[PDB]
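Asker: The following block contains the structure, expressed as structure tokens.
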Amino acid sequence: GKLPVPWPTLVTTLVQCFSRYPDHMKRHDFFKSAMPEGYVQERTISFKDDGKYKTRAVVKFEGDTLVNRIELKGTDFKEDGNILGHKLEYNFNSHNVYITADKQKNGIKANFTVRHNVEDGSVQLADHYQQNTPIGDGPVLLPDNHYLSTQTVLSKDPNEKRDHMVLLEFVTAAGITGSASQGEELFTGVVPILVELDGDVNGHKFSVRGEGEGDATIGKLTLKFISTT
């Protein structure tokens with residue numbers, strides 16, 4: 001039942017195609033341009049003074065639903081560290097996700113450092129290295145350097161007995177002074193989302209299923225995640 005890691009450490013792993021790209025930046029939205037066939041998103045997340053997650057996800061449409069299916073492997077964690085010891089506050093700070101084009105792989109890379117507040121007032125860093133490669137053969141949009149700025153609130157469903165996380169998130173693109181891709185047009189209204197994660201952290205196996213919807217015109221995600229362990 002209960003997740004063996006804190007819910008906040010899974011937020012970034014658990015759909016950047018729902019980011020709001022302002023009109024002047026629409027030519028830099030790789031994520032939507034790869035749809036419907038989608039992209040593979042891989043990360044290494046290094047928790048400083050602790051272990052790391054390695055993740056590989058496939059993000060694509062299945063019919064009307066945008067699906068994010070992830071495999072997560074965590075290693076080198078400390079038994080009594082902030083992660084396995086459940087010492088993280090149940091909140092999420094604002095971050096800037098710095099994106100660069102990866103012209104050779106026809107995709108993008110991203111780098112950013114998440115700050116997780118610890119219950120004793122210290123901070124636990126989670127350094128993210130990310131790469132995305134399109135699955136389809138069709139042309140994608142390769143961006144100039146820019147970033148995504150995020151805001152997130154975490155809450156609970158008062159009638160949900162399972163270990164779970166209610167998440168609301170807004171993300172908008174910034175940093176660069178009609179539709180620019182056909183994939184962009186798949187996001188013009190509210191789009192249902194399914195997330196499935198299978199995880200193993202230091203031998204602790206768990207799974208998470210999330211459902212909700214995204215509204216890329218406003219950069220909004222509304223999702224409820226449940227630990228199906």
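Labels for the structure tokens follow display order: chains A, B, ..., residues from 1 in each chain, ligands from 1.
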Run DSSP on the backbone and grab whatever in stretch 25-149 of chain A lands in strand (DSSP E); send it over as number ranges by chain.
Answerer: A: 39-47, 52-62, 65-75, 96-102, 107-117, 123-134, 146-149
Asker: Could you pull the residues within 10 Å of residue A:82, counting only C-alpha atoms, minus those fewer than 5 positions along the same chain, as a PyMOL selection string?
Answerer: chain A and resi 5-6+47+49-50+77+87-88+116-119+123-124
Asker: Quick one: residues within 6 Å of stretch 70-72 of chain A, only C-alpha atoms, excluding same-chain residues fewer than 2 positions away - as a PyMOL selection string?
Answerer: chain A and resi 54-57+197-199
Asker: Write the residues you've just listed into a file as a tab-separated table (two decimals), in the first residue's frame, and include C-alpha atoms for each of them.
Answerer:
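Result went into selection-v3.tsv, see below:
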```
chain	number	residue	atom	x	y	z
A	54	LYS	CA	16.66	6.38	-13.65
A	55	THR	CA	13.42	6.69	-15.60
A	56	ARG	CA	12.27	5.85	-19.12
A	57	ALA	CA	8.80	6.86	-20.24
A	197	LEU	CA	4.44	4.03	-13.29
A	198	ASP	CA	6.21	0.82	-12.28
A	199	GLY	CA	8.99	1.41	-9.76
```
Asker: Identify, on the basis of only C-alpha atoms, every residue whose closest approach to stretch 159-164 of chain A does not exceed 12 Å; exclude the query and any residue fewer than 2 positions from it along the same chain; express the result as number ranges by chain.
Answerer: A: 1-8, 10, 90, 154-157, 166-167, 206-211, 223-229
Asker: Which neighbours of residue A:222 fall inside 7 Å, counting only C-alpha atoms, when residues of the same chain fewer than 5 positions from it are skipped, and could you give them as a PyMOL selection string?
Answerer: chain A and resi 167-169+212-214
Asker: What gap, in Å, lies between atom CA of residue A:108 and atom CA of residue A:31?
Answerer: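 That distance, rounded to one decimal, is 9.2 Å.
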Asker: How far is it from atom CA of residue A:51 to atom CA of residue A:75, in Å with one decimal?
Answerer: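 Calculated distance between atom CA of residue A:51 and atom CA of residue A:75 is 5.6 Å.
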Asker: Have a look at A:18, A:103, A:95, A:203 and name the one nearest to residue A:126; count only C-alpha atoms.
Answerer: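 Of A:18, A:103, A:95, A:203, the one nearest residue A:126, counting only C-alpha atoms, is A:95.
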Asker: Give the answer as one residue: which of A:59, A:188, A:105, A:73 has the shortest atom-to-atom distance to residue A:205, using only C-alpha atoms?
Answerer: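 So, comparing all the options, the nearest one is A:73.
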Asker: For each of A:19, A:106, A:100, A:93, take the minimum atom-to-atom distance to residue A:136, counting only C-alpha atoms, then give the residue where this is smallest.
Answerer: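 Under the stated criterion, the closest residue is A:106.
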Asker: Could you tell me how far atom CA of residue A:48 lies from atom CA of residue A:204, in Å and to one decimal?
Answerer: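 Result for atom CA of residue A:48 versus atom CA of residue A:204: 20.1 Å, one decimal.
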Asker: Rank nothing, just name the residue among A:65, A:9, A:122, A:177 nearest to residue A:201, using only C-alpha atoms.
Answerer: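 Among the listed residues, A:9 lies closest to residue A:201.
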